[PDB]
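Structural overview
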Amino acid sequence: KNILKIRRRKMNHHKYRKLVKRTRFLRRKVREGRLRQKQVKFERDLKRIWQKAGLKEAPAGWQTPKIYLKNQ
Amino acid sequence: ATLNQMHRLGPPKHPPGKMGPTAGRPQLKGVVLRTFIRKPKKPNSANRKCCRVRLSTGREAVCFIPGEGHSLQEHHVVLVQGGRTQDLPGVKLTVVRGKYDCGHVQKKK
RNA sequence: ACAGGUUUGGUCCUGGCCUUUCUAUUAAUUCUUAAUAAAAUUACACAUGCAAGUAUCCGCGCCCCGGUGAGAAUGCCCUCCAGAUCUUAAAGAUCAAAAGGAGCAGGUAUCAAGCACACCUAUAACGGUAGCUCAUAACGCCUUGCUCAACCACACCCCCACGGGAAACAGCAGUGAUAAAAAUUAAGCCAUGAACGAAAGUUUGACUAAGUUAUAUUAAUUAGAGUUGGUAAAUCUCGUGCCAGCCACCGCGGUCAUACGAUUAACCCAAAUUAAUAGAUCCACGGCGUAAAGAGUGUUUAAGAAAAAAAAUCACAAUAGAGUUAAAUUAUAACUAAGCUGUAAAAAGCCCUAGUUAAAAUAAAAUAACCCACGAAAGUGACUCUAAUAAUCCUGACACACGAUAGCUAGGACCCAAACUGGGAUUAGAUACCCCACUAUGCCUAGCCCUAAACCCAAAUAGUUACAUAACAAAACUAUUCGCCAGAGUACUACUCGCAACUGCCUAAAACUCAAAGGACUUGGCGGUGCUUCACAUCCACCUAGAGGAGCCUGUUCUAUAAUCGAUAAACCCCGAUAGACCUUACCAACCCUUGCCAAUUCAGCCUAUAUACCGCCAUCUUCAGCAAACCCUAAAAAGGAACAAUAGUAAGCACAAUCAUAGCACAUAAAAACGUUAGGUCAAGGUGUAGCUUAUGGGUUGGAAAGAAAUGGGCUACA
Ligand SMILES: [Mg+2]
Ligand SMILES: [Mg+2]
Ligand SMILES: [Mg+2]
Ligand SMILES: [Mg+2]
Ligand SMILES: [Mg+2]
Ligand SMILES: [Mg+2]
Ligand SMILES: [Mg+2]
Ligand SMILES: [Mg+2]
Ligand SMILES: [Mg+2]
Ligand SMILES: [Mg+2]
Ligand SMILES: [Mg+2]
Ligand SMILES: [Mg+2]
Ligand SMILES: [Mg+2]
Ligand SMILES: [Mg+2]
Ligand SMILES: [Mg+2]
Ligand SMILES: [Mg+2]
Ligand SMILES: [Mg+2]
Ligand SMILES: [Mg+2]
Ligand SMILES: [Mg+2]
Ligand SMILES: [Mg+2]
Ligand SMILES: [Mg+2]
Ligand SMILES: [Mg+2]
Ligand SMILES: [Mg+2]
Ligand SMILES: [Mg+2]
Ligand SMILES: [Mg+2]
Ligand SMILES: [Mg+2]
Ligand SMILES: [Mg+2]
Ligand SMILES: [Mg+2]
Ligand SMILES: [Mg+2]
Ligand SMILES: [Mg+2]
Ligand SMILES: [Mg+2]
Ligand SMILES: [Mg+2]
Ligand SMILES: [Mg+2]
Ligand SMILES: [Mg+2]
Ligand SMILES: [Mg+2]
Ligand SMILES: [Mg+2]
Ligand SMILES: [Mg+2]
Ligand SMILES: [Mg+2]
Ligand SMILES: [Mg+2]
Ligand SMILES: [Mg+2]
Ligand SMILES: [Mg+2]
Ligand SMILES: [Mg+2]
Ligand SMILES: [Mg+2]
Ligand SMILES: [Mg+2]
Ligand SMILES: [Mg+2]
Ligand SMILES: [Mg+2]
Ligand SMILES: [Mg+2]
Ligand SMILES: [Mg+2]
Ligand SMILES: [Mg+2]
Ligand SMILES: [Mg+2]
Ligand SMILES: [Mg+2]
Ligand SMILES: [Mg+2]
Ligand SMILES: [Mg+2]
Ligand SMILES: [Mg+2]
Ligand SMILES: [Mg+2]
Ligand SMILES: [Mg+2]
Ligand SMILES: [Mg+2]
Ligand SMILES: [Mg+2]
Ligand SMILES: [Mg+2]
Ligand SMILES: [Mg+2]
Ligand SMILES: [Mg+2]
Ligand SMILES: [Mg+2]
Ligand SMILES: [Mg+2]
Ligand SMILES: [Mg+2]
Ligand SMILES: [Mg+2]
Ligand SMILES: [Mg+2]
Ligand SMILES: [Mg+2]
Ligand SMILES: [Mg+2]
Ligand SMILES: [Mg+2]
Ligand SMILES: [Mg+2]
Ligand SMILES: [Mg+2]
Ligand SMILES: [Mg+2]
Ligand SMILES: [Mg+2]
Ligand SMILES: [Mg+2]
Ligand SMILES: [Mg+2]
Ligand SMILES: [Mg+2]
Ligand SMILES: [Mg+2]
Ligand SMILES: [Mg+2]
Ligand SMILES: [Mg+2]
Ligand SMILES: [Mg+2]
Ligand SMILES: [Mg+2]
Ligand SMILES: [Mg+2]
Ligand SMILES: [Mg+2]
Ligand SMILES: [Mg+2]
Ligand SMILES: [Mg+2]
Ligand SMILES: [Mg+2]
Ligand SMILES: [Mg+2]
Ligand SMILES: [Mg+2]
Ligand SMILES: [Mg+2]
Ligand SMILES: [Mg+2]
Ligand SMILES: [Mg+2]
Ligand SMILES: [Mg+2]
Ligand SMILES: [Mg+2]
Ligand SMILES: [Mg+2]
Ligand SMILES: [Mg+2]
Ligand SMILES: [Mg+2]
Ligand SMILES: [Mg+2]
Ligand SMILES: [Mg+2]
Ligand SMILES: [Mg+2]
Ligand SMILES: [Mg+2]
Ligand SMILES: [Mg+2]
C-alpha cells in the first residue's frame with residue numbers, strides 16, 4: 001500500500017544523508033567556492049553601472065559590502 | 001479549474017516534441033569503430049550484433065545490425081535509421097541494410 | 001475519434017504508451033509511356049558564359065522584377081501621413097518612409113526587479129520637482145520568418161557602411177567542400193510583364209516553350225512490394241532448438257514455432273510498396289478523502305463576489321505575566337537488617353545498600369474527563385489574582401505576524417527520564433530487542449531554526465437533501481472564490497534566488513531508464529496474529545517394547561570394476577524381485593548372421609530417447625468431506641448465495657454415510673474413499689503419440705560380472 005511509496009522516500013532520504021556525511025567537506029568547498037563567485041558577479045554587476053553611467057571611479061563612499069560571505 | 005484561473009493560465013499548449021537519437025533527421029551517415037555483441041533484457045535471451053558508430057553530427061552512438069550474418073570492418077561507412085530495438089537497453093539506432101558498406105543480408109537458396 | 005491493444009491470478013478505477021487516418025522529405029525493393037504541377041541540404045567557398053538597356057547628344061532607366069529566409073520575438077491589425085512618382089485647364093490617384101496605438105501576438109518566472117528607464121517650466125537650453133517600468137510579467141535568456149490574392153527582412157562580413165577585413169552567383173545555368181537530401185554549363189523575346197523610346201522598334205537567364213526526376217494527381221500500354229500470433233485482412237510443409245533471428249505495442253524462439261529462415265496457399269496495396277524522420281491530430285470547461293493534487297496557520301494589499309438572517313457568550317483547559325503547592329521523589333540525619341536491584345531465565349551492577357521515621361529545592365501536574373470547552377493553527381485540562389480573546393463578520397498572496405518535537409547560541413537549573421557511550425546477558429554474529437549505570441537533552445531567562453503521518457490525508461463563505469450508489473472510507477451536490485494537480489521512476493535530487501541556517505530550510509529541473517507506475521476490491525493460500533473446540537497411538541503429560549552401541553543378515557550410497565536399468569523428503573532403502581550359479585539378462589568381452597518367428601507386404605526386429613506426449617496400474621493428501629452439471633437471486637456478477645420462533649436458494653449425479661465380507665447378532669477389522677493436488681511413480685508388465693537406429697541402438701553362440709576403505713537404512717541373534 002501507500003507505505004510502498006514512503007519506503008522509497010525513506011530509503012532515498014537515508015541514502016542521501018549518509019552521502020552528505022561522507023561528502024561533507026567536499027560539499028563545503030564547493031559552497032564557499034560559489035559564494036566567492038556570487039560576491040564577485042555581484043561586484044561586477046555594480047562595476048558595470050559606473051562604466052555604463054560614464055563615471056570613472058566608483059562613486060564617493062562606496063565600499064560595496066560583502067553580503068554573501070557574511071558570517072558569525 | 002475556475003474561469004479566472006483558466007484565463008490567467010491561458011489554454012493548454014501542446015508541448016513541442018523532444019528530438020530522439022537521430023536528432024530529427026530521417027537517417028545518418030556513420031563510421032564504424034568496434035563491432036561487438038550485447039546481451040538482451042531478462043525474459044528473453046540472445047546475443048545481438050551491435051556496432052559503435054560515429055555520426056555526421058560528430059556524436060558517437062551505439063547501433064544495431066539486423067539480419068543474420070554481415071561484414072562490418074572498422075572504418076566502414078554506414079547509413080542508420082531510428083528504429084529502437086526492443087530487446088536491449090539503450091540501443092536506439094538501426095543500421096540500414098543494403099547501403100554503402102552493408103549489403104543486403106545474403107540469401108541461401 | 002464510433003474507437004481499439006497494453007498494468008493484475010482475476011475485477012473494476014485511475015493512467016501513460018502504442019495501433020488504426022492524411023500529408024511531406026529521405027532511404028531500401030521494384031519501375032512502361034504520356035500529360036499536368038512541383039523541384040528544395042547547405043547567408044559554406046566559387047572556374048567559365050550570361051542575368052539592363054535604351055536612345056539623334058543630354059536624358060532616362062540599371063536588387064524593378066528575380067533570389068533567399070541569414071536576422072529580428074520579430075510582427076498581425078488599426079490609426080495618421082512626410083516624400084517619390086503619374087495624370088492634369090490644381091487637384092486627383094498609386095505606392096507609401098518616419099511616427100503612432102483599441103485589441104491580438106513563440107517558449108521560459110530556476111530571468112524578479114530594471115537602473116535613470118520620468119515629468120514641470122515656454123523661459124528660449126537654463127533652472128524646478130523625484131520620479132518612470134514592473135507578478136494583468138518590466139528587464140532578461142532561448143528558438144523562430146509570416147497571421148500568405150500578399151506582408152516583413154537581408155544583399156560578402158563589422159545590426160548599421162564613413163572607414164576595416166577583403167575582393168562577395170542568397171540572379172540563370174553550372175562546380176568544389178559539406179549534408180539522409182543531386183534538374184539543362186539548354187532555345188527564344190513568338191505571346192505577356194518591364195525599360196527606354198515621337199514612332200516603327202530594341203533589350204530582357206523576368207517570362208514563354210522545352211529538357212531532366214516515379215515528388216504528387218490524372219490516363220492507360222505497365223507488375224511489383226509488404227504482409228499473414230494478437231490489436232488487424234490473410235498459412236501448409238520443412239529447417240533451427242532461449243541458438244540463429246524477429247516485434248509499432250503485447251510478445252515469439254528451452255525438440256513436435258501458423259511470430260525465426262525458407263518454401264506452399266492466401267491477404268492487401270499496386271507503378272508503386274515498405275522503413276525511417278517531421279508534421280496535421282492529440283490533454284483539463286476534467287479533477288484535488290484513499291489514486292498526481294487543498295499550502296502548517298491567520299490578516300491584509302492587488303483583484304474580485306454580493307436579495308433577507310447573519311454579537312452570543314464560555315459549562316470554563318486560549319494566551320502573557322506575577323504569586324502559591326497536594327501527591328510522589330531526592331539530599332541528609334536517627335534506628336534496624338544484611339543484603340538490594342534486576343529479568344523468560346540470569347549476569348553484571350550497588351552494599352556511601354535496603355525497610356522505617358523525619359524533611360527543602362528541582363521537575364511533573366492521579367481522580368474529576370463516560371466531559372468536549374478555549375485558541376487562527378501549533379496547542380491548551382494543579383491553584384490564585386492581573387491583563388485578555390481582531391473585525392455590523394464575503395474570497396485573498398511569494399506581503400505581514402505566528403508555528404509541535406528535535407536542534408543551535410549564551411547564561412542559569414538538575415528530582416527523574418534519557419539518544420550517545422561503557423559494562424551484563426542473548427546470539428553464528430547482536431554495533432539490536434532484555435539488564436545496569438551515566439551524558440547531550442528535556443526545565444527556566446534571552447536569542448535563533450521554521451520542519452511533521454504540522455492529517456480529520458476532506459480549502460474558505462453561503463446553501464440544499466433535490467438528482468444520485470465505480471470501489472473502499474466520513475452519504476450526494478450546487479453557487480462564489482483562491483490554491484493546487486498533465487505516466488512512472490530519476491527526485492524531500494542537480495543547478496539557480498533568498499534566508500541570524502554554511503552536514504540546513506525554501507524554490508525545484510533534465511539526461512537517462514521502463515510500458516507501465518498507482519488506488520480499491522475478489523477468491524485462495526499463508527500467519528513465531530486472537531479466540532473457542534478438539535488430538536485418542538497421540539502433540540504434551542503418561543504406559544510397554546524396541547532402533548542408534550556389538551556380531552551377522554540384507555538394501556542403498558560411495559570408492560573399485562571391461563561390465564545393467566528403475567525407485568531414492570514425508571510418498572526410496574528385504575523397493576519392481578512371492579527372488580540373478582548357467583538361464584533369467586536388459587550388462588561387458590570376444591566371435592558370428594543379414595527380409596532376420598509371421599499368411600502377405602522397400603518389410604521385419606529394437607529393454608534406444610521422451611513418464612514434462614500418454615493409456616494402463618498405483619502412491620499421496622485421505623477415514624478428508626466435499627466435487628459437479630441444470631437452474632434461480634444479487635441498485636453487477638472477480639465472485640457470492642446460510643441463519644430453523646429462518647433473512648434466496650432448488651437440484652437428480654459422484655463421494656461419505658447405508659448395505660455387503662470376516663458364515664447368526666452387535667462392535668471391531670477388512671474393504672471402500674470422488675474432485676482434484678504432487679508435470680509424484682513407472683516408455684524395462686504390456687500398449688501406444690513424437691522422434692530416432694536398419695551388413696545395426698537388430699538377432700544369435702561362448703565366457704565373464706555381482707570385489708570392500710568405508711558410510712548408512714531395515715532386520716536377526718545376543719549381552720545371560
Ligand atoms: Mg531509491
Ligand atoms: Mg554549487
Ligand atoms: Mg525495428
Ligand atoms: Mg498495478
Ligand atoms: Mg498476466
Ligand atoms: Mg495482487
Ligand atoms: Mg508501450
Ligand atoms: Mg530519392
Ligand atoms: Mg521576394
Ligand atoms: Mg518569398
Ligand atoms: Mg534562422
Ligand atoms: Mg534573439
Ligand atoms: Mg516575450
Ligand atoms: Mg505608413
Ligand atoms: Mg534550474
Ligand atoms: Mg535639468
Ligand atoms: Mg550590410
Ligand atoms: Mg569603401
Ligand atoms: Mg554569397
Ligand atoms: Mg545558382
Ligand atoms: Mg549580385
Ligand atoms: Mg557537390
Ligand atoms: Mg529531392
Ligand atoms: Mg537568353
Ligand atoms: Mg516546365
Ligand atoms: Mg504517379
Ligand atoms: Mg516489367
Ligand atoms: Mg547455448
Ligand atoms: Mg519443426
Ligand atoms: Mg506479426
Ligand atoms: Mg516467417
Ligand atoms: Mg507513387
Ligand atoms: Mg478532448
Ligand atoms: Mg470524492
Ligand atoms: Mg495523495
Ligand atoms: Mg509528476
Ligand atoms: Mg488543511
Ligand atoms: Mg496561507
Ligand atoms: Mg511541508
Ligand atoms: Mg476594493
Ligand atoms: Mg450570495
Ligand atoms: Mg515567563
Ligand atoms: Mg512534598
Ligand atoms: Mg522518603
Ligand atoms: Mg529518601
Ligand atoms: Mg520478571
Ligand atoms: Mg553478582
Ligand atoms: Mg482519564
Ligand atoms: Mg479532548
Ligand atoms: Mg473573534
Ligand atoms: Mg479574509
Ligand atoms: Mg518551532
Ligand atoms: Mg528545545
Ligand atoms: Mg543533565
Ligand atoms: Mg540538587
Ligand atoms: Mg538516571
Ligand atoms: Mg554494548
Ligand atoms: Mg540466531
Ligand atoms: Mg523480543
Ligand atoms: Mg544521574
Ligand atoms: Mg517546553
Ligand atoms: Mg497534529
Ligand atoms: Mg491522522
Ligand atoms: Mg497536505
Ligand atoms: Mg483559502
Ligand atoms: Mg474567517
Ligand atoms: Mg440541491
Ligand atoms: Mg462492487
Ligand atoms: Mg514525469
Ligand atoms: Mg525534509
Ligand atoms: Mg534540498
Ligand atoms: Mg524564493
Ligand atoms: Mg507415537
Ligand atoms: Mg497424527
Ligand atoms: Mg539397540
Ligand atoms: Mg546395530
Ligand atoms: Mg543399483
Ligand atoms: Mg563404480
Ligand atoms: Mg535413478
Ligand atoms: Mg525418474
Ligand atoms: Mg517419491
Ligand atoms: Mg520393508
Ligand atoms: Mg548371467
Ligand atoms: Mg540391446
Ligand atoms: Mg532427462
Ligand atoms: Mg508423472
Ligand atoms: Mg499416467
Ligand atoms: Mg456432504
Ligand atoms: Mg455458485
Ligand atoms: Mg451380515
Ligand atoms: Mg462398521
Ligand atoms: Mg484400507
Ligand atoms: Mg463406505
Ligand atoms: Mg517427474
Ligand atoms: Mg520425487
Ligand atoms: Mg515400448
Ligand atoms: Mg510406435
Ligand atoms: Mg548382439
Ligand atoms: Mg550369457
Ligand atoms: Mg553404524
Ligand atoms: Mg529382537
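Residues numbered from 1 in each chain as written, not as in the entry; some residues may be left out. Chains lettered and ligands numbered in written order. Part of a larger assembly, values for the part shown. Heavy atoms only, no water.

Looking at the PDB record, one finds the entry titled "Structure of the small subunit of the mammalian mitoribosome".

The PDB entry annotates chain A as MITORIBOSOMAL PROTEIN MS38, MRPS38 of Sus scrofa.

1. Here we look at helix α2 (residues 24-53) of chain A
Residue and element names in this part refer to chain A. Spelled out, the test is: Under the scheme used here, helices are H or I runs from DSSP no shorter than 4 residues and strands are E runs no shorter than 2 residues, and both carry numbers assigned from the N terminus. For a helix, the expected span equals 1.5 Å multiplied by the residue count minus one. Only protein chains enter the area calculation, which uses a 1.4 Å probe; residues under 20% of their type maximum are buried, those over 50% are exposed, and those in between are partly exposed.
In this model, α2 (30 residues) spans 44 Å end to end at C-alpha, consistent with the 44 Å of a helix rising 1.5 Å per residue. When we look at burial in α2, the residues that qualify are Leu35, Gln39, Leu46 and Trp50. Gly54 sits one or two positions beyond α2 and adopts a positive phi of about 90°.

2. Remarks on the nonpolar core
All names here are of chain B. Which entries qualify depends on this criterion: Nonpolar cores are built from buried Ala, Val, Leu, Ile, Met, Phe, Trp, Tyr and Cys residues. Side-chain atoms within 4.5 Å join them into one set. Note on definitions: a residue-residue contact is assigned when non-hydrogen atoms from the two residues lie within 4.5 Å.
Within the largest apolar cluster, 14 residues are counted, with the highest numbers of intra-cluster contacts made by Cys51, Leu55, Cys63 and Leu72. For this core, the secondary structure elements donating two or more residues are β1 (27-32), β3 (48-55), β4 (60-64), β5 (77-81) and β6 (93-95). It is β3 that contributes the most residues to this core, three residues altogether. Ignoring any residue separated from it by four or fewer positions in sequence, one finds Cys63 in contact with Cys50, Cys51, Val53, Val80, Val91, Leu93 and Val95.

3. Comments concerning a positive patch on the surface
Selection criterion: Residues enter patches when they are more than 30% accessible in relative terms and free of salt bridges; like-charged ones are connected within 9 Å and nonpolar ones (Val, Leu, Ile, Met, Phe, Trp, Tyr) within 5 Å. Note on areas: Shrake-Rupley with a 1.4 Å probe; residue coverage comes only from the protein chains shown. One side-chain nitrogen of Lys or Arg within 4 Å of one carboxyl oxygen of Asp or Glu is enough to make a salt bridge. Neither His nor the chain ends is counted toward charge; the positive residues are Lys and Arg and the negative residues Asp and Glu. Throughout, a charge is located at the NZ atom of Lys, the CZ atom of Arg, the CG atom of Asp or the CD atom of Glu.
Taken together, the side chains of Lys15, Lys18, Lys21 and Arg22 of chain A make up a positively charged region of the molecular surface. Relative to the assigned elements, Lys18 of chain A resides in helix α1 (residues 3-22).

4. Description of the protein's contact with RNA strand C
Where we set the bar: We call a residue near a molecule or strand as soon as one heavy atom of that residue lies within 4 Å of the molecule or strand. Polar contact criterion, stated in full: a pair of N or O atoms within 3.5 Å, where within protein one must be able to donate a hydrogen and the other to accept it, and residues adjacent in sequence count only if both atoms are side-chain atoms.
For RNA strand C, the set of nearby residues contains 62 residues, the closest of which are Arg8 of chain A together with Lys13, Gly24, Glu68 and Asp87 of chain B. Of all atoms in RNA strand C that approach within 4 Å of the protein, 66% are sugar or phosphate atoms. Taking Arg48 of chain B, its side chain carries an N or O atom lying 3.4 Å from a base nitrogen of RNA strand C. In this structure, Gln86 of chain B approaches RNA strand C through a side-chain N or O atom, which is 3.0 Å from a phosphate oxygen. At the level of secondary structure, the elements contributing two or more residues to the surface near RNA strand C comprise α1 and α2 of chain A together with α1 (3-8), β1, β3 and β5 of chain B.

5. Description of the pairing of β4 of chain B
The side chains of a regular strand alternate, residue by residue, between the two faces of the sheet. All names here are of chain B. Applied cut-off: Here the rule is simple: two strands pair whenever DSSP picks up at least two bridges between them.
Here β4 lies mainly inside the structure; four of its five residues are buried. Judged from the five bridges that link them, β3 and β4 form a sheet pairing that is antiparallel. Within β4, the position partnered with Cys51 by the bridge is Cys63. Here β3 folds back onto β4 in antiparallel fashion, the turn holding four residues, of which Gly58 has a positive phi close to 65°. As defined by bridge partners, β4 adjoins β6 across two bridges and the pair is classed as parallel. Bridge pairing in β6 places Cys63 opposite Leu93.

6. Quick word on the environment of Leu69 of chain A
Residue and element names in this part refer to chain A. Considering the arrangement of structural elements, one finds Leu69 in the segment after α2. With a relative accessible area of 23%, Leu69 lands in the partly exposed category. Taking the C-alpha atoms as reference points, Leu69 and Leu35, separated by 34 residues in sequence, lie 6.5 Å from one another.

7. Re the pairing of β3 of chain B
Of the strand pairs in this sheet, β1 of chain B and β3 of chain B are connected by three bridges, and their pairing is antiparallel. Across the sheet, the residue bridging to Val31 of chain B is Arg54 of chain B, located in β3 of chain B.

8. A short note on the layout of surface pockets
Residue and element names in this part refer to chain A. Defined as follows: Residues are said to line a cavity or pocket when one of their atoms sits within 4 Å of a point; the points come from a 1 Å grid over protein atoms alone, cavities being sets where a 1.4 Å probe fits but cannot get out and pockets being open sets with protein on both sides within 12 Å along at least five of seven lines. Grid points are joined across faces, edges and corners, and a volume is the space filled by probe spheres set on the points. In the scheme used here, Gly and all other residues not listed as nonpolar or charged are polar, with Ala, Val, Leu, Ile, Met, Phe, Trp, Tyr, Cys and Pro taken as nonpolar and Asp, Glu, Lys and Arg as charged.
If you add up the space inside the largest pocket, you get close to 180 Å³. As for the largest pocket, its lining consists of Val20, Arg24, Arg27, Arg28, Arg31 and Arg34. Examining the composition of the lining of the largest pocket, we find that five residues originate from one element, α2, more than from any other. Classifying every residue of the lining of the largest pocket gives one nonpolar, no polar and five charged.

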